[PDB]
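Quick note on numbering: the authors' numbering labels position 54 of the sequence shown as 54, and the sequence is numbered without any gaps. The next block holds one structure in the form of structure tokens; read it before the comments.
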Amino acid sequence: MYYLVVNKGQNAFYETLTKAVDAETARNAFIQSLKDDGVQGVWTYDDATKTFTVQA
């Protein structure tokens, strides 16, 4: 569905919000594009917030 992501590492901050239809879809589909920008990091998304944080 509509989830937002925020990448946090040591010297790079990138966050994007895109329509993913579902959860794991946002987990698999979004993670690719979200990583497509800042793959270097790995995200940890919450359900309470509905946001993933790609941290490297």
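Note that the Cβ used here is the ideal one computed from N, Cα and C, for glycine as well.
Between the Cα of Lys8 and the Cα atoms of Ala48, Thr49, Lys50 and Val42, which residue gives the shortest distance? Comparing Cα-Cα distances from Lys8 to each of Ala48, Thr49, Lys50 and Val42, the minimum goes to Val42.
Would you mind reading off the limits of the alpha helix (DSSP H) that contains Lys8? Premise fails: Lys8 lies in the beta strand (DSSP E), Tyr2 to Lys8, not in any alpha helix (DSSP H).
Tell me whether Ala20 is buried or exposed, calling it buried when 16 or more other Cβ atoms sit within 10 Å of its Cβ. Taking all protein chains shown into account, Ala20 has 16 or more neighbouring C-beta atoms within 10 Å of its C-beta and is therefore buried.
Consult DSSP for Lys35 and reduce its assignment to one of helix, strand or coil. The answer is helix: DSSP assigns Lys35 an H, G or I state.
The beta strand (DSSP E) enclosing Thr18, as first and last residue numbers: In the DSSP assignment, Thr18 falls within the unbroken beta strand (DSSP E) covering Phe13 to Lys19.
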